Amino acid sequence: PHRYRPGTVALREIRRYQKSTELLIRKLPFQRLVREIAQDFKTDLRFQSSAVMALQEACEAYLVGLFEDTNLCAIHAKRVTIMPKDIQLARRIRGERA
């Protein structure tokens, strides 16, 4: 019975996901979320397939960038665990609010 220690599989996912370029959110859920949010601005909308993908590409690149800044804010506080306060500091200094 052999079990990897906490953070050994984490490093492996990091190495793995930093090497690849595949979208990391399942398409259908994201398509549903896009249509929902868009419904509130104009009803009976259609989306080109490339429209939704543009949006997923942009949204994933944004969230990956934010996790990097977030990670730097956690490490700055002498931690290795990202918290809401790290995401919130990264957004404040980026000028996304406050």
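What we label the rigid core is the largest C-alpha set whose atoms superpose within 1.5 Å from one form to the other. Sequential numbering from 1, following the sequence displayed.
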Divergent stretch in 4 other deposited structures of this protein, 37-45 or 50-58 [C-alpha RMS, superposed by the core]: 37-45
Higher-B stretch (mean Cα B-factor, as the entry records it), 43-51 or 58-66: 43-51
Higher-scoring stretch by recorded Cα B factor average, 85-93 or 5-13: 5-13
Assigned third (lowest, middle, highest) for the C-alpha B factor of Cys73: lowest
Chain third (lowest, middle, highest) by recorded CA B-factor, residue given as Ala38: middle
